[PDB]
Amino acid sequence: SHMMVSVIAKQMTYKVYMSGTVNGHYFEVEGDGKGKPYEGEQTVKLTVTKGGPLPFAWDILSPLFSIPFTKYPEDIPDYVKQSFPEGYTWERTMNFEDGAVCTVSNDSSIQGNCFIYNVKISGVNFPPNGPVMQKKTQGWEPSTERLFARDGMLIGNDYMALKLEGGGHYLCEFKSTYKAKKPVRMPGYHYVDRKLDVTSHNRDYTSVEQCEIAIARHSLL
């Protein structure tokens, strides 16, 4: 079994606060979630508190609403979990195959049994007739992030794909940079498999429930 850290219970909740701008439209979202950090399981309920209903696909926000909830096997150092109680920050670029770009920054803290995430997203050049502004997406495929240490930062790359109405895929590249706020034991080259689903939502996606499973590992061969 993997070393559990005492500041992170086997059952934890969290609060997430998002603000951002996508194609010039400002908006804010708040969520409360919960899960089992050492099993890699979590769920979150989101509420659009400003700028709703959103004129773009909800799916582009889904993977922005909790990386402490990743199951790590015994021999792989868990970068993110070691960073607590002080916490971590990360920065992410999303490059969509039709030219749209998002930049994302996150600050993560802990208060007792509850993680606190603050996240900002900026999105530009989503084509007006594209699957995002026309809400043609049907959730992400499961995906695998490739992670490795560099300058005491963790670096993640992920080939993502939104499912399209009536077959087809809309590609997105994730590049992520994770920075603990204190020095920790770096892991080596490894992967995290993820599966993310919207399990329920209202008509204009102003209330949304998501859930995720994330499990780290070495190569299979």
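When you see a residue number, it is the position in the sequence shown, counting from 1.
Going from residue 170 to residue 171, you skip over nothing: the modelled chain follows the deposited sequence without a break. Higher mean CA temperature factor between 107-115 and 91-99: 107-115, per the PDB entry. When the mean C-alpha temperature factors of 21-29 and 196-204 are read from the deposited coordinates, 196-204 comes out higher. Within the listed group 178, 58, 191, 65, the record reports its top CA B-factor for 65.
Of the candidates 154, 164, 46, 161, the one whose C-alpha carries the top B factor in the deposited record is 164. When the modelled residues of the chain are ordered by C-alpha B-factor, residue 76 sits in the highest third.
Ranked within its chain, residue 131 lands in the lowest third, by CA B factor from the PDB record. Sorting the modelled residues of the chain by their CA temperature factor places residue 148 in the middle third. When the modelled residues of the chain are ordered by their C-alpha B factor, residue 183 lands in the highest third. Per the deposited record, the Cα B-factor of residue 125 falls in the lowest third when ranked against the other modelled residues of its chain.
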